[PDB]
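**Q** First the structure, which I've put down as structure tokens, then a few questions once you've had a look.
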Amino acid sequence: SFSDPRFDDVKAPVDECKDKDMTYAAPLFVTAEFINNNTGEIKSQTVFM
Amino acid sequence: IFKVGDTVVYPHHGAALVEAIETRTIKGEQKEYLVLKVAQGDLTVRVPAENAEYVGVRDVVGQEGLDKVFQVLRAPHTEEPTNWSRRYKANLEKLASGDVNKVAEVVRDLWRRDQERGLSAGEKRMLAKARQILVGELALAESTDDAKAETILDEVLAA
Amino acid sequence: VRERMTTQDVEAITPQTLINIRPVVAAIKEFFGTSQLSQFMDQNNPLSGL
Ligand SMILES: C/C(=C\[C@H](C)CCCCC(=O)O)[C@@H]1O[C@@H]2C=C[C@@H]1OC(=O)\C=C/C=C\C=C\[C@H]1O[C@@H]3C[C@H]1O[C@@H](/C=C/C[C@H]1O[C@H](C[C@H](O)[C@H]1C)[C@@H](O)[C@@H](O)/C=C/CC/C=C/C2)[C@@H]3C
């Protein structure tokens with residue numbers, strides 16, 4: 001499965017990124033979910049996308 | 001059987017903790033889905049309490065199992081033919097099997113090996129991963145720390 | 001994921017093991033640079049940016 005994307009803050013502000021030639025990014029976080037049909041499970045992590 | 005707080009050992013993902021029992025349902029039957037989180041990958045597992053023995057969950061091991069794995073250690077007598085690919089396949093099948101005594105047998109075999117000649121990179125990563133999950137099991141069985149269990153190993157690794 | 005759903009063994013895998021984010025991050029980085037629609041901001045007066 002795939003559900004609930006949520007963001008963090010940006011890792012570095014605007015002028016510092018424009019100075020040090022880094023991009024102006026922010027991380028994604030998505031709660032994945034793996035379900036086994038035969039025996040019954042969920043496996044819920046917080047996958048860094 | 002199960003209560004809140006039992007550090008019950010999941011087979012492959014090491015030892016885990018329980019939080020509660022979810023009475024969620026499929027087809028109207030509210031099964032006892034025990035919510036069982038681990039500390040390794042921060043993943044939470046919900047498992048129905050009926051087929052917990054079918055999936056092979058297991059309670060924590062005691063002093064008799066500690067003496068049994070110490071008996072499996074400190075006994076250096078083994079034979080495997082020199083075609084190391086067969087040895088690699090055998091211990092990988094072991095590692096997918098998931099038994100504490102066999103895990104101890106393979107980490108003592110690889111300690112005997114790298115103590116003697118030297119290992120490959122994948123061999124060293126194999127020994128490190130199996131040794132780390134054995135350290136986690138022994139620490140959560142003896143209710144103590146990683147460095148304590150590693151010193152316990154280093155004094156029982158054929159010392 | 002559909003490939004390694006079968007080749008992996010069951011009762012051992014997890015969404016941390018199943019997921020490879022590198023084609024997604026390569027698609028994003030291949031869009032923002034080296035595309036037609038992603039161009040430099042034409043700034044020599046504030047009308048030109050607008
Ligand atoms: C031909 C073309 C863009 C040309 C390079 C510029 C526009 C040509 C029209 C004109 O002569 O005015 C098409 O552009 C896009 C996709 C296909 C085509 O790209 C193409 O096939 C050609 C290039 C596509 C991407 C290039 C990316 C990088 O190459 C350098 C850095 C990056 O971008 C280029 C700069 C683009 C900004 C231009 O801006 C123009 C003025 C200058 O020509 C440039 C400052 C201004 O007219 C500006 O206000 C208008 C931009 C057009 C908006 C985009 C339309 C579709 C610079 C040369």
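Convention: chains lettered A, B, ... in structure tokens order; per-chain residue numbering from 1; ligands numbered from 1 as shown.
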Skip residue 31 (chain A) itself and residues of its chain fewer than 5 positions away, then list as a ChimeraX atom specification all residues within 10 Å of it, counting only C-alpha atoms.
**A** /A:1-6,43-49 /C:15
**Q** Residues of the last selection are to be written out with N, CA and C atoms, as a PDB file, in the first residue's frame.
**A**
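Final file, out38.pdb:
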```
ATOM      1  N   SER A   1       0.833  -1.191   0.000  1.00  0.00           N
ATOM      2  CA  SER A   1       0.000   0.000   0.000  1.00  0.00           C
ATOM      3  C   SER A   1       0.872   1.246   0.000  1.00  0.00           C
ATOM      4  N   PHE A   2       0.215   2.400  -0.064  1.00  0.00           N
ATOM      5  CA  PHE A   2       0.878   3.693  -0.012  1.00  0.00           C
ATOM      6  C   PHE A   2      -0.105   4.722   0.511  1.00  0.00           C
ATOM      7  N   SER A   3       0.323   5.517   1.488  1.00  0.00           N
ATOM      8  CA  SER A   3      -0.605   6.440   2.120  1.00  0.00           C
ATOM      9  C   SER A   3       0.144   7.559   2.824  1.00  0.00           C
ATOM     10  N   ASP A   4      -0.559   8.685   2.990  1.00  0.00           N
ATOM     11  CA  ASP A   4      -0.227   9.822   3.845  1.00  0.00           C
ATOM     12  C   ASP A   4       1.154  10.422   3.609  1.00  0.00           C
ATOM     13  N   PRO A   5       1.364  11.178   2.537  1.00  0.00           N
ATOM     14  CA  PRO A   5       2.640  11.880   2.387  1.00  0.00           C
ATOM     15  C   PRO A   5       2.692  13.117   3.267  1.00  0.00           C
ATOM     16  N   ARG A   6       3.835  13.312   3.916  1.00  0.00           N
ATOM     17  CA  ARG A   6       4.053  14.459   4.780  1.00  0.00           C
ATOM     18  C   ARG A   6       5.462  14.978   4.559  1.00  0.00           C
ATOM     19  N   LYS A  43       2.913  -4.376   7.671  1.00  0.00           N
ATOM     20  CA  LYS A  43       4.278  -3.932   7.960  1.00  0.00           C
ATOM     21  C   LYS A  43       4.283  -2.441   7.641  1.00  0.00           C
ATOM     22  N   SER A  44       4.163  -1.609   8.666  1.00  0.00           N
ATOM     23  CA  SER A  44       4.023  -0.171   8.477  1.00  0.00           C
ATOM     24  C   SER A  44       5.321   0.522   8.861  1.00  0.00           C
ATOM     25  N   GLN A  45       5.980   1.121   7.881  1.00  0.00           N
ATOM     26  CA  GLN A  45       7.169   1.919   8.109  1.00  0.00           C
ATOM     27  C   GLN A  45       6.898   3.373   7.750  1.00  0.00           C
ATOM     28  N   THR A  46       7.948   4.184   7.809  1.00  0.00           N
ATOM     29  CA  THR A  46       7.902   5.580   7.390  1.00  0.00           C
ATOM     30  C   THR A  46       9.024   5.730   6.373  1.00  0.00           C
ATOM     31  N   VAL A  47       8.714   5.437   5.121  1.00  0.00           N
ATOM     32  CA  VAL A  47       9.721   5.320   4.078  1.00  0.00           C
ATOM     33  C   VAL A  47      10.099   6.704   3.583  1.00  0.00           C
ATOM     34  N   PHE A  48      11.385   7.023   3.658  1.00  0.00           N
ATOM     35  CA  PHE A  48      11.914   8.247   3.075  1.00  0.00           C
ATOM     36  C   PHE A  48      11.856   8.133   1.561  1.00  0.00           C
ATOM     37  N   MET A  49      11.034   8.960   0.926  1.00  0.00           N
ATOM     38  CA  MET A  49      10.830   8.841  -0.510  1.00  0.00           C
ATOM     39  C   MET A  49      11.886   9.569  -1.324  1.00  0.00           C
TER      40      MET A  49
ATOM     41  N   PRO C  15       8.752  -3.201   3.804  1.00  0.00           N
ATOM     42  CA  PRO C  15       8.779  -2.065   2.872  1.00  0.00           C
ATOM     43  C   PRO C  15      10.079  -1.286   2.853  1.00  0.00           C
TER      44      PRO C  15
END
```
**Q** Select the residues contacting ligand 1 at a distance of at most 9 Å, based on only C-alpha atoms and all ligand atoms, then format the selection as JSON, numbers by chain.
**A** {"C": [33, 34, 35, 36, 37, 38, 39, 40, 41, 42, 43, 48, 49, 50]}
**Q** The selected residues should be written to file as an mmCIF file, in the first residue's frame (atoms: N, CA, C and O atoms).
**A**
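Saved the output as again.cif:
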```
data_model
loop_
_atom_site.group_PDB
_atom_site.id
_atom_site.type_symbol
_atom_site.label_atom_id
_atom_site.label_comp_id
_atom_site.auth_asym_id
_atom_site.auth_seq_id
_atom_site.Cartn_x
_atom_site.Cartn_y
_atom_site.Cartn_z
ATOM 1 N N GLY C 33 16.789 19.705 -14.098
ATOM 2 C CA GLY C 33 17.775 19.988 -15.113
ATOM 3 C C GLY C 33 17.442 19.249 -16.387
ATOM 4 O O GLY C 33 16.708 18.268 -16.350
ATOM 5 N N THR C 34 17.985 19.755 -17.498
ATOM 6 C CA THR C 34 17.975 19.089 -18.811
ATOM 7 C C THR C 34 16.568 18.758 -19.309
ATOM 8 O O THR C 34 16.287 17.638 -19.732
ATOM 9 N N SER C 35 15.673 19.733 -19.257
ATOM 10 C CA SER C 35 14.383 19.612 -19.915
ATOM 11 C C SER C 35 14.078 20.888 -20.679
ATOM 12 O O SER C 35 14.749 21.909 -20.524
ATOM 13 N N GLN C 36 13.045 20.824 -21.515
ATOM 14 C CA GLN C 36 12.653 22.008 -22.265
ATOM 15 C C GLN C 36 11.917 22.999 -21.379
ATOM 16 O O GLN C 36 12.127 24.210 -21.485
ATOM 17 N N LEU C 37 11.059 22.507 -20.493
ATOM 18 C CA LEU C 37 10.186 23.410 -19.762
ATOM 19 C C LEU C 37 10.858 24.001 -18.536
ATOM 20 O O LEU C 37 10.327 24.941 -17.940
ATOM 21 N N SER C 38 12.003 23.468 -18.133
ATOM 22 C CA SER C 38 12.720 23.991 -16.976
ATOM 23 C C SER C 38 13.828 24.902 -17.472
ATOM 24 O O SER C 38 14.899 24.440 -17.859
ATOM 25 N N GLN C 39 13.582 26.204 -17.450
ATOM 26 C CA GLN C 39 14.507 27.175 -18.006
ATOM 27 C C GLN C 39 14.996 28.125 -16.929
ATOM 28 O O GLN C 39 14.381 28.264 -15.873
ATOM 29 N N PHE C 40 16.114 28.781 -17.227
ATOM 30 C CA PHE C 40 16.674 29.801 -16.355
ATOM 31 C C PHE C 40 15.725 30.984 -16.266
ATOM 32 O O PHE C 40 15.041 31.324 -17.231
ATOM 33 N N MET C 41 15.679 31.612 -15.099
ATOM 34 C CA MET C 41 14.812 32.770 -14.934
ATOM 35 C C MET C 41 15.409 33.954 -15.669
ATOM 36 O O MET C 41 16.518 34.394 -15.355
ATOM 37 N N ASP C 42 14.679 34.463 -16.650
ATOM 38 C CA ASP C 42 15.133 35.595 -17.443
ATOM 39 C C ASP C 42 14.996 36.857 -16.610
ATOM 40 O O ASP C 42 13.945 37.502 -16.624
ATOM 41 N N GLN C 43 16.048 37.220 -15.883
ATOM 42 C CA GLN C 43 16.017 38.411 -15.042
ATOM 43 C C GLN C 43 17.099 39.379 -15.502
ATOM 44 O O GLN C 43 18.293 39.133 -15.323
ATOM 45 N N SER C 48 10.757 41.279 -16.745
ATOM 46 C CA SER C 48 11.142 40.105 -17.517
ATOM 47 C C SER C 48 10.909 38.823 -16.738
ATOM 48 O O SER C 48 10.573 37.791 -17.322
ATOM 49 N N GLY C 49 11.062 38.866 -15.420
ATOM 50 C CA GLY C 49 10.754 37.700 -14.618
ATOM 51 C C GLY C 49 9.267 37.422 -14.613
ATOM 52 O O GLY C 49 8.821 36.277 -14.762
ATOM 53 N N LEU C 50 8.497 38.502 -14.487
ATOM 54 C CA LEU C 50 7.046 38.405 -14.462
ATOM 55 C C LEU C 50 6.492 37.917 -15.785
ATOM 56 O O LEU C 50 5.439 37.279 -15.819
#
```
**Q** Taking only chain A into account, list the residues labelled helix (DSSP H, G or I) by DSSP (computed from the backbone), as a PyMOL selection string.
**A** chain A and resi 14-20
**Q** Since we have the selection now, will you write its residues out, keeping C-alpha atoms, as a PDB file, in the first residue's frame?
**A**
```
ATOM      1  CA  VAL A  14      17.129  30.414   0.358  1.00  0.00           C
ATOM      2  CA  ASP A  15      20.216  32.635   0.406  1.00  0.00           C
ATOM      3  CA  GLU A  16      22.462  29.915   1.840  1.00  0.00           C
ATOM      4  CA  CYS A  17      21.348  27.532  -0.917  1.00  0.00           C
ATOM      5  CA  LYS A  18      21.961  30.168  -3.589  1.00  0.00           C
ATOM      6  CA  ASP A  19      25.390  30.781  -2.062  1.00  0.00           C
ATOM      7  CA  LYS A  20      26.668  27.224  -1.641  1.00  0.00           C
TER       8      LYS A  20
END
```
**Q** Could you please select, counting only C-alpha atoms, the residues of chain C within 9 Å of chain B and state them as an MDAnalysis selection string?
**A** chainID C and resid 9 11:14 16
**Q** How about saving the chosen residues, N, CA and C atoms kept, as a compact mmCIF listing (two decimals), in the first residue's frame?
**A**
```txt
# COMPACT_ATOMS: atom_id res chain seq x y z
N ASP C 9 12.34 -13.75 -0.35
CA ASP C 9 11.69 -14.76 0.46
C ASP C 9 10.67 -14.12 1.39
N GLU C 11 8.26 -13.95 4.89
CA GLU C 11 8.56 -13.91 6.33
C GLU C 11 9.94 -13.34 6.63
N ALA C 12 10.50 -12.56 5.70
CA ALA C 12 11.74 -11.83 5.94
C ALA C 12 11.71 -10.40 5.43
N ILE C 13 10.85 -10.07 4.48
CA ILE C 13 10.92 -8.78 3.81
C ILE C 13 10.02 -7.74 4.45
N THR C 14 10.25 -6.49 4.08
CA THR C 14 9.62 -5.33 4.68
C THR C 14 9.61 -4.22 3.64
N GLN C 16 10.92 -1.39 3.88
CA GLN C 16 12.26 -0.83 3.76
C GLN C 16 13.10 -1.61 2.76
```
**Q** Tell me, as a PyMOL selection string, which residues lie within 9 Å of region 62-64 of chain B, counting only C-alpha atoms; anything in the same chain fewer than 3 positions away does not count.
**A** chain B and resi 67-69+141-142
**Q** In terms of the shortest atom-to-atom distance over only C-alpha atoms, which of B:30, B:51, B:144, B:40 is closest to chain A?
**A** B:51
**Q** In chain A, what's strand (DSSP E or B) per DSSP? Answer as JSON, numbers by chain?
**A** {"A": [2, 3, 4, 5, 6, 7, 28, 29, 30, 31, 32, 33, 34, 42, 43, 44, 47, 48]}
**Q** To one decimal place in Å, what is the distance between CA of residue 3 (chain B) and CA of residue 44 (chain B)?
**A**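 Distance between the two atoms: 16.7 Å.
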**Q** Residues of chain B within 12 Å of chain A, counting only C-alpha atoms - could you list those as a list in words?
**A**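 Applying the cut-off to the listed atoms yields residues 13, 25, 26, 31, 32, 33, 34, 35, 36, 37, 38, 39, 40, 41, 42, 43, 44, 45, 46, 47, 48, 49, 50, 51, 52, 53, 54, 55 and 56 of chain B.
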**Q** With N, CA, C and O atoms retained, could you export that selection as a compact mmCIF listing (two decimals), in the first residue's frame?
**A**
```txt
# COMPACT_ATOMS: atom_id res chain seq x y z
N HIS B 13 12.97 -10.49 12.32
CA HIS B 13 13.26 -9.10 12.60
C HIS B 13 13.75 -8.87 14.03
O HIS B 13 13.59 -7.76 14.55
N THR B 25 -11.35 -6.14 12.51
CA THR B 25 -12.12 -7.26 11.98
C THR B 25 -11.97 -7.38 10.48
O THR B 25 -11.81 -6.38 9.76
N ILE B 26 -12.04 -8.62 10.01
CA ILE B 26 -12.32 -8.95 8.63
C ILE B 26 -13.46 -9.96 8.64
O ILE B 26 -13.45 -10.89 9.46
N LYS B 31 -10.82 -10.38 15.36
CA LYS B 31 -9.73 -11.20 15.86
C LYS B 31 -8.81 -10.37 16.74
O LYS B 31 -8.78 -9.14 16.69
N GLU B 32 -8.03 -11.07 17.56
CA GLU B 32 -7.12 -10.43 18.50
C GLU B 32 -5.82 -10.11 17.77
O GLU B 32 -4.81 -10.81 17.87
N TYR B 33 -5.86 -9.03 17.00
CA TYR B 33 -4.67 -8.55 16.29
C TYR B 33 -3.76 -7.90 17.31
O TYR B 33 -3.97 -6.76 17.71
N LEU B 34 -2.74 -8.63 17.74
CA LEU B 34 -1.75 -8.04 18.61
C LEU B 34 -0.86 -7.09 17.82
O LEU B 34 -0.34 -7.43 16.76
N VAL B 35 -0.73 -5.86 18.31
CA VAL B 35 0.13 -4.88 17.68
C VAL B 35 1.52 -5.03 18.27
O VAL B 35 1.72 -4.93 19.48
N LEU B 36 2.48 -5.31 17.40
CA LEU B 36 3.81 -5.77 17.80
C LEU B 36 4.83 -4.94 17.05
O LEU B 36 5.07 -5.18 15.87
N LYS B 37 5.42 -3.96 17.72
CA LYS B 37 6.39 -3.09 17.08
C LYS B 37 7.80 -3.57 17.39
O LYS B 37 8.07 -4.17 18.43
N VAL B 38 8.71 -3.30 16.46
CA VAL B 38 10.11 -3.64 16.62
C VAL B 38 10.90 -2.35 16.82
O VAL B 38 10.38 -1.25 16.65
N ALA B 39 12.16 -2.50 17.20
CA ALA B 39 13.03 -1.35 17.39
C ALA B 39 14.10 -1.21 16.32
O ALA B 39 14.85 -0.24 16.34
N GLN B 40 14.18 -2.16 15.38
CA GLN B 40 15.27 -2.12 14.40
C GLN B 40 14.97 -1.15 13.27
O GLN B 40 15.69 -0.17 13.07
N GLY B 41 13.91 -1.42 12.51
CA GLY B 41 13.51 -0.54 11.43
C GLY B 41 12.37 0.39 11.77
O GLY B 41 11.83 1.04 10.87
N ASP B 42 11.98 0.45 13.06
CA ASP B 42 10.85 1.24 13.57
C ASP B 42 9.53 0.87 12.90
O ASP B 42 8.64 1.71 12.75
N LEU B 43 9.38 -0.39 12.51
CA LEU B 43 8.15 -0.86 11.89
C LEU B 43 7.26 -1.52 12.93
O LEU B 43 7.74 -2.16 13.87
N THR B 44 5.96 -1.35 12.75
CA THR B 44 4.95 -1.94 13.61
C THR B 44 4.27 -3.07 12.86
O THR B 44 3.90 -2.91 11.69
N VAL B 45 4.11 -4.21 13.52
CA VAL B 45 3.48 -5.37 12.92
C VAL B 45 2.22 -5.69 13.70
O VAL B 45 2.24 -5.82 14.93
N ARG B 46 1.11 -5.81 12.99
CA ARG B 46 -0.11 -6.35 13.57
C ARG B 46 -0.28 -7.78 13.07
O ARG B 46 -0.17 -8.04 11.87
N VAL B 47 -0.52 -8.69 14.00
CA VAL B 47 -0.59 -10.12 13.70
C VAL B 47 -1.79 -10.69 14.45
O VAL B 47 -1.98 -10.38 15.63
N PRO B 48 -2.65 -11.48 13.80
CA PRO B 48 -3.72 -12.16 14.53
C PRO B 48 -3.17 -13.21 15.48
O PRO B 48 -2.25 -13.95 15.13
N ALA B 49 -3.73 -13.29 16.69
CA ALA B 49 -3.19 -14.14 17.75
C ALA B 49 -3.38 -15.63 17.46
O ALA B 49 -2.76 -16.47 18.12
N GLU B 50 -4.23 -15.96 16.49
CA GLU B 50 -4.49 -17.35 16.17
C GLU B 50 -3.30 -18.00 15.48
O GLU B 50 -2.76 -19.01 15.94
N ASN B 51 -2.86 -17.42 14.36
CA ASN B 51 -1.77 -17.97 13.57
C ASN B 51 -0.41 -17.40 13.94
O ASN B 51 0.51 -17.38 13.11
N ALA B 52 -0.25 -16.93 15.18
CA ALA B 52 1.05 -16.48 15.66
C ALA B 52 2.04 -17.63 15.74
O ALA B 52 3.22 -17.47 15.42
N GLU B 53 1.57 -18.81 16.14
CA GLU B 53 2.43 -19.98 16.11
C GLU B 53 2.68 -20.47 14.69
O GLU B 53 3.72 -21.08 14.44
N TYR B 54 1.75 -20.21 13.77
CA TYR B 54 1.97 -20.60 12.38
C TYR B 54 3.03 -19.74 11.73
O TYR B 54 3.88 -20.24 10.99
N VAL B 55 3.01 -18.43 12.00
CA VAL B 55 4.06 -17.57 11.48
C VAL B 55 5.35 -17.76 12.28
O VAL B 55 6.44 -17.44 11.79
N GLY B 56 5.26 -18.31 13.49
CA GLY B 56 6.46 -18.72 14.19
C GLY B 56 7.02 -17.68 15.13
O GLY B 56 8.24 -17.52 15.23
```
**Q** Do you know which residues are at most 6 Å from residue 10 (chain A) counting only C-alpha atoms, after dropping those on the same chain fewer than 2 positions away, and could you put them as a compact mmCIF listing (two decimals) with C-alpha atoms, in the first residue's frame?
**A**
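around.txt, written as the output of this step:
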```txt
# COMPACT_ATOMS: atom_id res chain seq x y z
CA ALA A 12 18.63 25.03 4.22
CA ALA A 25 14.73 20.89 -1.26
CA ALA A 26 12.63 19.25 1.45
```
**Q** From the list C:20, C:25, C:6, C:1, which residue is nearest residue 28 (chain A) when using only C-alpha atoms?
**A** C:25
**Q** As an MDAnalysis selection string, please: the residues near region 92-94 of chain B (cut-off 10 Å, only C-alpha atoms, same-chain neighbours under 5 positions excluded).
**A** chainID B and resid 86:87 99:100 102:103 105:106 126
